[PDB]
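What follows is one structure encoded as structure tokens, with my remarks underneath.
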Amino acid sequence: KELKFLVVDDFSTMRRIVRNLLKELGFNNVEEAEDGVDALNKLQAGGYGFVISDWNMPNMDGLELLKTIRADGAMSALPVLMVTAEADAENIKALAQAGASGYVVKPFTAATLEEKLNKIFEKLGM
Amino acid sequence: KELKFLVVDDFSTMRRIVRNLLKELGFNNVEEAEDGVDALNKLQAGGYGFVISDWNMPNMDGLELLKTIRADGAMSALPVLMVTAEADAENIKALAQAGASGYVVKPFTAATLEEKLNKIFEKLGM
Amino acid sequence: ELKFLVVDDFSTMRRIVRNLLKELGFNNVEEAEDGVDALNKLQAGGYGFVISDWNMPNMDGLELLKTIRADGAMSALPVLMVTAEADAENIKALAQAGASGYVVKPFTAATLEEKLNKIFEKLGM
Amino acid sequence: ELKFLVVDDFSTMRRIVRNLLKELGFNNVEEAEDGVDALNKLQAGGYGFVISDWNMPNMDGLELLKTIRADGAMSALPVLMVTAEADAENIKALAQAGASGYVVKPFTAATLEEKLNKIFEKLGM
């Protein structure tokens, strides 16, 4: 619950929605970023334990952000939950190939988010 | 607070000095490790919330231990304070790139250790 | 349109750069995975701009830049170096080796465009 | 002087193993990133010892060991397998595949030395 989250999306409203659903679940340590670039700049500052990122964003999208994090020795194993608007078979496979910790289709509820977070925490042993 | 610390250094005298300075600051939950291998073995057991490690150690030194911790899913965000003999610009940049939560030059006082601890606590949202 | 050669051993970064260039209207882009691979392609001629990362195996960015500048057949080729750290040390070596400019990664399309615009303007392009 | 090849996709671990060998007096060490890279490297020739991690992309440790043993030119090559756990099942598989020995990471220079000496003795080296 004290874990530091970074919520990434270029639409402020969707970021505020995710931040509040997190709050609803008991997670109050949350930061926000506008795209893959802004996010990497924040993650390099350190302290983050979980990233929630949207699939489509300007400059550097979710998949590109994920691949970059996975290749960085300072944060290679950082949990990344990808938010997508549709669960496309290719997408799901791409996400799997790229090392995503999991994915969630939007719009989602606090309940769907909770189940997704618990599965990831268990798999990683947190 | 009773955050569980792991103090890592091959010199028993330094480990005992750091443990005592933490006691002076109010942290009484503290374990010790002799080098990075021993530390990793302990961290695998889980339960730790902060690591203070010396730069120079046989088998696996501070930087190698830090890099190994950051490559682990659960310990991605585990705070790691690196203790070093001199604040050399090369070391510091290496530390930052590897994801160290901070560093402190020895010998240090309880006051200095408290300042470093607070900066890292603020950085993580604790 | 101006043919670009994007060089980086990290395939993901090459795609990001190629995407941003296309966003800026440059569709004539090729990729190379290191300095040696880049030089093999540059030999054919036809390239008008090179964007290279600083750290690559076989031949790194600084070494690639020096080789280009020393080659009479392409000594004035514009080269934009991508770096992770805007270290004053690095900036010195880059200018000394003759980089047309540099950009720190990660970067946005806007920053890339500004960097390109500064080089184009300087060369009268 | 025996030429070692250290294989692991985690670069930090390759450097650690290389540092331990140097400490034990073994200075002739090369590195590979996975099973496929290792096999390509073994082609250049002159290798006398392989230390590989159990889990790597493209070709893991078990598959690398199996390939080495199925190649007549290198069927006698010593192979020390590094694992995260001494799972008896894994140890059974390692014995079946012809591993020279195994070591659980993380490990110390003393443990490594003990493992290498055991293999050396057993191999008449």
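Just so it is clear, none of the values below were taken in a lab; they were calculated from the coordinates. Because the Cβ atoms are built from the backbone with ideal geometry, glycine has one as well, and the counts that use them run over all protein chains shown.
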| Hey, among the residues in the range A:86-126 that are in a helix (DSSP H, G or I) and β-branched (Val, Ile, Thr), which one's surrounded by the most Cβ atoms within 10 Å (Cβ to Cβ)? | A:120
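Which residue, of D:116, D:65, D:20, D:94, is touching a residue at least 60 places away in the same chain (Cβ under 8 Å), of a type in the set (A, V, I, L, M) and either over 24 Å from residue B:68 (Cα atoms) or away from chain B (no Cβ under 14 Å) (or both)?
Working: D:65 fails: touching a residue at least 60 places away in the same chain (Cβ under 8 Å); D:20 fails: either over 24 Å from residue B:68 (Cα atoms) or away from chain B (no Cβ under 14 Å) (or both); D:94 fails: touching a residue at least 60 places away in the same chain (Cβ under 8 Å).
Unique residue meeting the criteria: D:116.
Go through the range A:73-100 and give me each residue that's within 14 Å of another protein chain (Cβ to nearest Cβ) and not aliphatic (A, V, I, L, M).
Going residue by residue through the range A:73-100, those that are within 14 Å of another protein chain (Cβ to nearest Cβ) are A:73-81, A:94, A:96-100.
Matches in the range A:73-100: A:73, A:76, A:79, A:97, A:99.
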| Looking at residue D:75, is it more than 14 Å from chain B (Cβ to nearest Cβ), outside any helix (DSSP H, G or I), within 22 Å of residue B:41 (Cα to Cα) and among the polar types (S, T, N, Q)? | no
| Quick check: anything in the range A:108-118 touching an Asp or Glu at 6+ places or on another chain (Cβ under 7 Å) and either within 14 Å of chain B (Cβ to nearest Cβ) or at positive phi (or both)? | no
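Would you confirm whether or not the range A:7-20 contains a residue that is away from chain B (no Cβ under 13 Å), of a type outside the set (D, E, K, R) and within 12 Å of residue A:61 (Cα to Cα)? Can you show your working first?
Filtering the range A:7-20 for residues away from chain B (no Cβ under 13 Å) gives A:7-20.
Next, from what is left, pick out any that are of a type outside the set (D, E, K, R): A:7-8, A:11-14, A:17-18, A:20.
Still in the list and also within 12 Å of residue A:61 (Cα to Cα): A:8.
Yes: the range A:7-20 contains one or more residues that are away from chain B (no Cβ under 13 Å), of a type outside the set (D, E, K, R) and within 12 Å of residue A:61 (Cα to Cα).
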| note | Among (1) touching a residue at least 40 places away in the same chain (Cβ under 8 Å); (2) within 22 Å of residue C:1 (Cα to Cα), residue C:111 falls short only on (1)
| task | Determine whether the range A:50-72 contains at least one residue that is away from every other protein chain (no Cβ under 14 Å), hydrophobic (A, V, I, L, M, F, W, C) and either without any contact (Cβ under 8 Å) to a residue 40 or more places away in the chain or not in a helix (DSSP H, G or I) (or both). | result | yes
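Considering only residues that are more than 26 Å from residue C:121 (Cβ to Cβ) and under 12 Å from the mean Cα position of the chain (by Cα), which ones fall in the range C:34-53?
As a first pass, look at the range C:34-53 and keep what is more than 26 Å from residue C:121 (Cβ to Cβ): C:34-37, C:39-41, C:43-44.
Within the range C:34-53, C:34, C:35 meet the criteria.
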| task | For the range B:44-58, indicate whether the set of residues that are closer than 30 Å to residue A:51 by Cβ, of a type in the set (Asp, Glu) and in contact with a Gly (Cβ under 7 Å, 6 or more places away or on another chain) is non-empty. | result | no
| request: Might you let me know whether the range A:30-42 holds any residue that is within 13 Å of the chain's Cα centre (by Cα), within 13 Å of chain B (Cβ to nearest Cβ), surrounded by fewer than 21 Cβ atoms within 10 Å (Cβ to Cβ) and not acidic (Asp, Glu)? | output: yes
| request: Of all residues in the range C:70-97, count the ones that are within 24 Å of residue C:10 (Cα to Cα) and surrounded by 15 or more Cβ atoms within 10 Å (Cβ to Cβ). | output: 12
